[PDB]
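Enquirer: before I ask anything, here's the sequence and the deposited coordinates:
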Amino acid sequence: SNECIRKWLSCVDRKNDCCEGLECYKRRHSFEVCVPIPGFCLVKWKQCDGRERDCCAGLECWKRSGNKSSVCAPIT
């Protein structure tokens with residue numbers, strides 16, 4: 001398991017490997033970096049660890065052990 005680029009660090013390296021919910025920005029002269037996407041969220045098949053409050057509307061940090069890592073799920 002490897003880590004991802006830190007927010008507001010440097011996108012020049014790799015934009016496709018910035019981070020979760022991050023995207024490359026466009027600047028005039030100043031070096032552009034990864035930024036938080038507006039309205040960004042998660043699905044019922046995405047990890048919830050760390051983003052227990054980032055998932056989409058209706059989703060929640062689902063605690064599943066034995067099959068896979070901690071993922072998100074819709075209201076119950």
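Expert: Cool, got the structure. Residues are numbered from 1 along each chain as shown.
Enquirer: residues near the residue nearest to residue 71 when sequence neighbours are not counted, how many?
Expert: The shortest distance from residue 71 to any non-neighbouring residue, by C-beta to C-beta, 6 or more residues apart in numbering, is to residue 62 (5.3 Å). C-betas here are computed from N, CA, C, even on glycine. For residue 62, the neighbour count with other C-beta atoms under 10 Å is 16.
Enquirer: so who does residue 62 touch?
Expert: Contact partners of residue 62, counting by C-beta atoms under 8 Å, 6 or more residues apart in numbering, are 44, 48, 70, 71, 72, 73.
Enquirer: can you flag the buried ones in those residues?
Expert: 48, 71, 72, 73 (16 or more other C-beta atoms under 10 Å).
Enquirer: so which of these belong to strands?
Expert: 71, 72, 73 (DSSP state E).
Enquirer: relative to residue 54, how far out is the second one?
Expert: Distance of residue 72 to residue 54, computed by C-beta to C-beta, to the nearest Å: 9 Å.
Enquirer: look up the residues that both of those two are in contact with.
Expert: Listed as contacting both residue 72 and residue 54 by C-beta under 8 Å, 6+ apart are residue 42.
Enquirer: farthest pair in the contacts of residue 62?
Expert: Using C-beta to C-beta, the contacts of residue 62 span at most 12.5 Å, a distance reached by 44 and 70.
Enquirer: what about the residue of the chain most remote from its centre, distance to residue 22?
Expert: Relative to the centre of the chain, the most outlying C-alpha is that of residue 29, 27.1 Å out, by C-alpha atoms, centre = their mean. Distance of residue 29 to residue 22, given as C-beta to C-beta: 22 Å.
Enquirer: of all residues in the protein, which one is nearest the centre?
Expert: residue 20 (2.3 Å).
Enquirer: could I get the contacting residues of that residue?
Expert: When contacts are taken as C-beta under 8 Å, 6+ apart, residue 20 is in contact with 4, 51.
Enquirer: cool, residue 29 as well?
Expert: With contacts defined as C-beta under 8 Å, 6+ apart, residue 29 has no neighbours.
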